[PDB]
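Everything below concerns the one structure shown next.
No Cβ is skipped: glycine too gets one built from the backbone with ideal geometry, and neighbour counts run over all protein chains shown. FYI, it's all coordinate maths here, none of it is from the lab.
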Amino acid sequence: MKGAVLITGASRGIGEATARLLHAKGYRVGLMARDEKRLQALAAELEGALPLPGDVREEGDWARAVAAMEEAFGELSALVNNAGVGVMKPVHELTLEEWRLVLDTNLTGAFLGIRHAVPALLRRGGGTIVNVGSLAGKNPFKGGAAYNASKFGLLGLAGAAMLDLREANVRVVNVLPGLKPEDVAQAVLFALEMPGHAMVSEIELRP
Amino acid sequence: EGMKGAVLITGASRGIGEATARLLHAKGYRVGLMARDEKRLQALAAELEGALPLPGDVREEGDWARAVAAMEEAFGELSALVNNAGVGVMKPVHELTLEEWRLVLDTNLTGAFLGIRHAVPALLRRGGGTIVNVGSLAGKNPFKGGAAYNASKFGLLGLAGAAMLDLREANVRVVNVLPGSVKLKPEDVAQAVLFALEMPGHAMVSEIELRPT
Ligand SMILES: [Co+2]
Ligand SMILES: [Co+2]
């Protein structure tokens, strides 16, 4: 009875470390990821976890994932918006398709996560939404136009969302890594157990 | 008189956009008026001789391609771009539809990207130029109902920051013009946009912050 937590980009990096940590801590986690091959292996490692291969950009996949969490665990206590991809090229060399891939996955994906998760959290009397910040701090860098745009956008989305859901006992917390994936994973764990009283809205880790 | 530059302005039919158009044109700059409301663009184009009415949607690469090209055919070149297009839908984050969300982000954020993508080549043709982004307070201060608006305004700074680092070696200056922290008239912003454009070349300005006096 630790709480059902949905995690995007769970097949690798921070997502995987987070998945592994929460599962080893008694959390019943849902693993959302695009890479089916990796997810399949992780689904057998974390027995009990709910493997949910899909596309964070698709609103349909989000409906199915949240519905699946409630059907398998009876509820959704938290969402960890981690999913994040990049395409490092000079701003004027990026194509619309590349721009969209990053923005739709990193930013639109988080928005959809929130939209589809809130209704499920409300039915549980509340919950937590954790967003993973940029893995390169909050300073612009060459070739990062799309990436920075998505990560900065994410903060704006999270800031407004925090104010919106605050009275419905839904805490929006940002975990901003900008070392090791196991580190960020620890930060996410803290955000899920420590707060609760809806006060901490941002945890930052040293570069 | 008649060789100050050719500037393409988005959201030119109203507010800051229109104020920038009137000033720059009065100062000798050739201007392209980009906005969706064709009637208002035509009306404003009539008030300014030479002004190029370029109705179009900043979300479409197609309209940007045609706009920039129209600029080069009418004025022989494009010297600068001013991003001022914007739309707003405010409401609780989870109550926002995917459609309402895309309207805001594609127009306010993707629109600037497409603008940089299609204006740069025309600027590289003449050896350089300027891209001015009109910022917003919503770019730093979250607020109830601003999920999509804040996200697009925060993201704009991310895009702009990396953009200036990518283009500075090609002599393309990306400068941001935005409000202070804590009323600012449309004419005041137009003035800042004016300076950003006309200033000597040497470790120039990357950002100009304004506030009501
Ligand atoms: Co993944
Ligand atoms: Co209009």
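Quick rundown of the values:
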{"read-out": "More than 14 angstrom apart: percent of Cα pairs within region A:55-127", "value": "62"}
{"read-out": "Under 10 Å, Cβ to Cβ, from B:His94 - net charge with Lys/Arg +1 and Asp/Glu -1", "value": "0"}
{"read-out": "Taking B:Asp166, A:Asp183 and counting other C-beta atoms within 10 Å, the order from fewest to most", "value": "A:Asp183, B:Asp166"}
{"read-out": "Hydrodynamic radius by Kirkwood, which averages 1/r over all alpha carbon pairs of chain A, in angstrom", "value": "16.8"}
{"read-out": "Distance violations [Cα-Cα > 31 Å] among A:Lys138/B:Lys91; A:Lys89/B:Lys183; A:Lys142/B:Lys185", "value": "A:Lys89/B:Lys183; A:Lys142/B:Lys185"}
{"read-out": "Label-point gap, in nm, between A:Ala24 and B:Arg211 - each point 7 angstrom along Cα→Cβ", "value": "4.9"}
{"read-out": "Added length on full extension, which subtracts the Cα-Cα distance from 0.36 nm per residue, B:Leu137 to B:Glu47", "value": "29.3 nm"}
{"read-out": "Overall Cα dimensions of the protein assembly as shown - principal axes, largest extent first, Å", "value": "76, 38, 35"}
{"read-out": "Pairwise centroid distance, computed over Cα atoms, of region A:169-207 with region A:1-73, Å", "value": "18"}
{"read-out": "³J(HN,Hα), Karplus 6.51/-1.76/1.60, whole Hz, each residue of region B:140-149, x for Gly, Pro", "value": "9, 10, x, 7, 3, x, x, 2, 6, 5"}
{"read-out": "Helix-only CD estimate at 222 nm, as mean residue ellipticity for chain A, using -39500 (n - 2.57) per DSSP H run (n ≥ 4)", "value": "-14500 deg cm²/dmol"}
